[PDB]
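In: quick one: initial chain(s) of a complex, as found there:
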Amino acid sequence: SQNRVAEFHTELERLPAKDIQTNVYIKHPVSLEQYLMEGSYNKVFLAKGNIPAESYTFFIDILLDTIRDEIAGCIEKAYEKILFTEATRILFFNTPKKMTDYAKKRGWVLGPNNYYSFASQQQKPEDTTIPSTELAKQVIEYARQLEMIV
Amino acid sequence: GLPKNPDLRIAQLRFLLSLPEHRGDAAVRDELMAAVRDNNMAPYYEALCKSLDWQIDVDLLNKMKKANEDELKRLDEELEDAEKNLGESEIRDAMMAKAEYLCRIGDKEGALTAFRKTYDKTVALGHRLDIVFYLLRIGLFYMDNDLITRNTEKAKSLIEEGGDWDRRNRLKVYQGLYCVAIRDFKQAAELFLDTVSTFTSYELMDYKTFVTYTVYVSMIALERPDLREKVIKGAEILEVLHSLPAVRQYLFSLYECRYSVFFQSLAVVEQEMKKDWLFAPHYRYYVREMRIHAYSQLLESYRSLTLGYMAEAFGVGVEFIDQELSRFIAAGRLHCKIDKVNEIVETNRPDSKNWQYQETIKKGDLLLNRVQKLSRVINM
Amino acid sequence: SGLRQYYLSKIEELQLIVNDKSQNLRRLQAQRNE
Amino acid sequence: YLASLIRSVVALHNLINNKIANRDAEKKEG
Amino acid sequence: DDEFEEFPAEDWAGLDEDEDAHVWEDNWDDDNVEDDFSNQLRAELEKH
């Protein structure tokens, strides 16, 4: 839930094997992570209903918010000019307005309704200026190493 | 020229019987039984019966073994009589006869040891080459790879010592048949084309069949310029092709860009290579590679292309061509990018300068790794 | 017992440096003589 | 870049030859 | 040399004999199961 997949897997290493595919209690983290790895976001969101113990229930919410940030990031980096059958539909919000605040938090233009630009162009870097000083130093160093006594 | 021993027709029929869909052919079975009865190959009859669980015709086998023993004892007696008084030549004639009979009756080890003994006794380079060619042939009958490579090296060494060039060309044909066998089609094409005017190894296959193999391999190993300047213009390949309408149409269709007819031809060439004994191993690679080559020929002169146009040129559907094209782009072979929303096959074919730059990076990296390893190794 | 180890390690450093330098100078003198 | 590769190979070859000469001189001396 | 005796090789318990031992070129595509290309062409023609 804290977006630390590297630590997730470092810890998964420690334990033995049989508990991983045998223990229902540890089955949840591994299975949910596998669902997230397979991109399957509907399955994870619906999988709340089945839980090993009630204590976890607090962190299911934090995992849900974490994956919500993750889907926002996927959409921003991916896609070109919004769509994905309306934001709230793939954002799994019960209310259409629930996404307005989250869109506000992120750097979204908030264009037409459910139409926000992610600026995937990244400024499209095209300017070039021929960096020369570096090139001149490089060449003089070739000549130096070439003529010095070694 | 040389004796038709072992009849590689026998290898071909044995293979054909091996296939499940050709195990029950009465005509082929009867033909093979006639061949065995005519040449009385008792060990071969036994090996065949064992593999096929065929009922043994004891009544016939009795006389088969009787005659086999009679001939064997006669040959040994002739050898003894020769060795008693006659020196060389007659003894060598008898030992050659023994090896020849042993190979005829199909006895692998007996004939092989006999040919080895004849060789050791033989000092005549022409006869040494005859012996080696016989050993290569029998190594072919049994697809004996190690024996084949050893014999080929031996022949090359004897020929390098100097020999009649008819036997050189015979070695070329044998090497070409072998390279066809081992899926090195390029050398097969080169040797077959070079020897198109000097095919004297009739023990191997009919001249029609030699040219069919040569064309088949040439269109997959050579390029369009060389193909034109060897195959479709050659006086020989044309003179023979007057009796093989199928192969002639197959070749010309690829070359002239009759693509629909070319596919119709490749369909039956698939079969004519599945049924074959020397090609069947690579019957699913040759056709596939040829499909690559045609796809890259049609697309060699079209910046864009409508998948409907490809279909109508190939007389196939659209889903099929799409599948095959995507597959082969996966394989990393063909140079194009399909677009599905509008059926266009726009080409992406790579630039020359960039390709040279990339290859220079790769090859130079290899070389630098080697030079670093070498610099270190001197002290450790 | 008094500050020896420090003298020792530092002299070891100087010794290693001077040995490498002597080898370099030997090579360089050989080239100049040739 | 090609020029430098050439030069490196030549210098390495020279080092190898000198090493072999030294080894031979030692073995003969020993 | 510095033979990595530390690392173990593979056990030779089974060591089953080579099935075919073919050595031509392997290639990846040979594993795929196609459908007798002629057969696909014939089915196309039947369906047009």
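Out: Received the coordinates, thanks. Numbering: from 1, shown residues only, chains lettered A, B, ... in the order given.

In: for residue 3, what are its contacts?
Out: I'll assume chain A. Contacts for residue A:3 (CB atoms under 8 Å, 6 or more residues apart in numbering or on different chains) come out as A:66, A:69, A:70. For the C-beta atoms, the positions are set from N, CA and C on the backbone; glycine is no exception.

In: which one of the residues you listed is nearest chain B?
Out: When the contacts of residue A:3 are compared for distance to chain B (CB to the nearest CB), residue A:70 wins out at 29.0 Å.

In: The residue nearest to residue B:345 when sequence neighbours are not counted: how many residues sit nearby?
Out: Leaving aside its chain neighbours, residue B:345 sits nearest to residue B:305 (4.2 Å; criterion: CB to CB, 6 or more residues apart in numbering or on different chains). Counted with other CB atoms under 10 Å in any protein chain shown, the neighbours of residue B:305 add up to 19.

In: next one: residue E:30
Out: 13.

In: For it, which three-state class applies?
Out: Assigned with DSSP: H, G, I helix; E, B strand; the rest coil, residue E:30 falls in the helix class.

In: Surely it touches residue B:285?
Out: Yes. Between residue E:30 and residue B:285 there is a contact under CB atoms under 8 Å: 7.0 Å.

In: include chain F too:
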Amino acid sequence: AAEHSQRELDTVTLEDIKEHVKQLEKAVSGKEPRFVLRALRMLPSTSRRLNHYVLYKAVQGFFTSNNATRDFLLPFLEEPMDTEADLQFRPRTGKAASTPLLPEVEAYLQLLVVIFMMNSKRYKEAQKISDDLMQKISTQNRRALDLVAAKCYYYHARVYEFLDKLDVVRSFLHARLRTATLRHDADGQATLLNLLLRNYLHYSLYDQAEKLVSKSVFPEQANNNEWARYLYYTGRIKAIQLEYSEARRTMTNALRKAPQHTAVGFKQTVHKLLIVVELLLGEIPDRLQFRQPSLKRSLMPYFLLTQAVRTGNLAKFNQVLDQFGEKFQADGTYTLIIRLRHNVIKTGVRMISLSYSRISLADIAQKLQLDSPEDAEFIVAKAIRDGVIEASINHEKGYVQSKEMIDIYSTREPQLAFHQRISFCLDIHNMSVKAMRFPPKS
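Out: Placed with the earlier chains, chain F looks like this:
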């Protein structure tokens, strides 16, 4: 009959050990630490052939100065079986016998002793002598002694592993590493880093290893072999974390830096891990290796695994994972192959991108045997986020569009690459002409 041949073998080995000690003495005298590395190249051949007779005669002759070392070394050695033709190997003559033996020669002798006690399934005595040797080395402080000390630490680690007490020595290795990195040795530093990484792996303690590697610096002058070991361990540690590409790169560097002929097990290890990591990366490793003789039967699990990953069939993937399961676990990779099992789609999506310059999402759903096209939509978006594919999604028409090809040459990349390579070549030359020694006035 074979006894005489064994006797001649023993005599020639005794002469060879004389030669190594002579080389060590020359190195110690002449201010050329590298000259021992000649003395330290034939250790595997010696160990593979050593014998008790040779060891007895060597320890008898070489340790003329009868010291507590001699009393600690002889008793373990079996005495000759009523030897009568003994030649009384006497390497040390006159002054040499009287004078004390050099620290480096004595360390090398202890190394031969511990190796011989290792080849025999006699680990307790070997461990005892090895602790003694470690004490000895730590007591002294010398250069060629340090070069031998490298392999002494390697063999101390080997014995401690063969006794399954790897943890207990972590602090000794740590302090040894500290002193080395304080004293400016290269090979010792590489050896102690590699050993520490091996210790950390043995107990799957990956976070600690990650910190250690991220904080220490590999000296840039090691062997081929110590570089290979460092690279393998760093590759493994990354692959266990989530940085696949760097793990792939470090591994291939290692495999390209290993000894050519020996290390069949090492090549096996790196190749299996490389296969698993590449598979995890959505690429398809080339089929050339699998039919190599040295790795043919050692990868059949992975051959079937790739046959499965291409034509993704979860039925076939499960069949192969289950059947060859205990083996995967034994290798030390199982976790990664599991990470694959839920990423089988990735290969397909990368294929679809390479093949098509623009495809409708519904077509992707049809091609990947998926549910409603939203699942494929999401998988593609996540992919492009990861960086495995270069594209742009646009649903208002409902097709994912691949990005054009950019011209690499026109940019400045070629200049940078050629500059790096040119620098490497000039450095090779400077080193090469430096290595020359003209001793004719020796």
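
In: what do you get for the neighbour count of residue E:30 once chain F is counted?
Out: Neighbour tally, residue E:30, other CB under 10 Å: 14.

In: wait, what's in contact with it?
Out: Counting by CB under 8 Å, 6+ apart, residue E:30 has contacts B:284, B:285.

In: Those residues of chain E touching chain F, which are they?
Out: E:1-10, E:15, E:23, E:26-28, E:31-32 (CB under 8 Å from any CB of the partner chain).

In: no no, chain C
Out: Near chain F, when you scan chain C using CB under 8 Å from any CB, you find C:9, C:13, C:16, C:19, C:22, C:23, C:24, C:26, C:27, C:30, C:31.

In: distance of the second one from residue F:205?
Out: So the one you mean is residue C:13. Using CB to CB, to the nearest Å, residue C:13 is found at 36 Å from residue F:205.

In: picking up where we left off before, top of the residues of chain C next to chain F by number of neighbours, please.
Out: Neighbour-wise, the residues of chain C next to chain F (other CB under 10 Å) top out at residue C:27, 17 neighbours.

In: quick one, what contacts residue F:41?
Out: By CB under 8 Å, 6+ apart, residue F:41 lies in contact with B:380, E:1.

In: Is it correct that it falls within a helix?
Out: No. The assignment for residue F:41 is coil, going by three-state DSSP, so no helix is present there.

In: put chain G onto that model:
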Amino acid sequence: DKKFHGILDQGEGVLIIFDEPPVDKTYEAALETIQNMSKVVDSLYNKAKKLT
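Out: Now chain G, sitting on the chains shown earlier:
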């Protein structure tokens, strides 16, 4: 058959014409020299054994 320079465009019924130097004859020489010195390094290795 490389009679002239260009390529068609099906569907749109266009015919592009251009001019291409398919090769540069200064990178090919470099690649061949790299191969040749790979062979030379192999030779030095084969001659590095004597040192052992």
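
In: quick recheck of the neighbour count of residue B:305 now chain G is there?
Out: Residue B:305 has 23 neighbours, counted by other CB under 10 Å.

In: I'd say it and residue G:10 touch.
Out: Yes. The pair residue B:305 and residue G:10 passes the contact test of CB under 8 Å, sitting 4.8 Å apart.

In: and the closest residue to chain A within the stretch 51-200 of chain B, how far is that from chain G?
Out: Using CB to the nearest CB, residue B:183 is the residue of the stretch 51-200 of chain B that sits closest to chain A, at 39.9 Å. Computed as CB to the nearest CB, to the nearest Å, the residue B:183 to chain G distance reads 26 Å.

In: again with residue F:328
Out: Using CB to the nearest CB, residue F:328 is found at 38 Å from chain G.

In: helix, strand or coil for that residue?
Out: Applying three-state DSSP to residue F:328 yields a three-state assignment of helix.

In: Identify the residues contacting it.
Out: So residue F:328 contacts F:301, F:321, F:334, F:337 (CB under 8 Å, 6+ apart).

In: again with residue F:194
Out: For residue F:194, the contact set (CB under 8 Å, 6+ apart) comprises F:226, F:229, F:230, F:233.

In: May I see those organised as CSV, with distance to residue B:59, secondary structure and neighbour count added?
Out: Shown next, in CSV, are the contacts of residue F:194 (distance: CB to CB, whole Å; DSSP: H, G, I helix; E, B strand; the rest coil; neighbours: other CB atoms under 10 Å in any protein chain shown):
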residue, distance to residue B:59, secondary structure, neighbour count
F:226, 78, helix, 24
F:229, 74, helix, 26
F:230, 78, helix, 22
F:233, 76, helix, 21
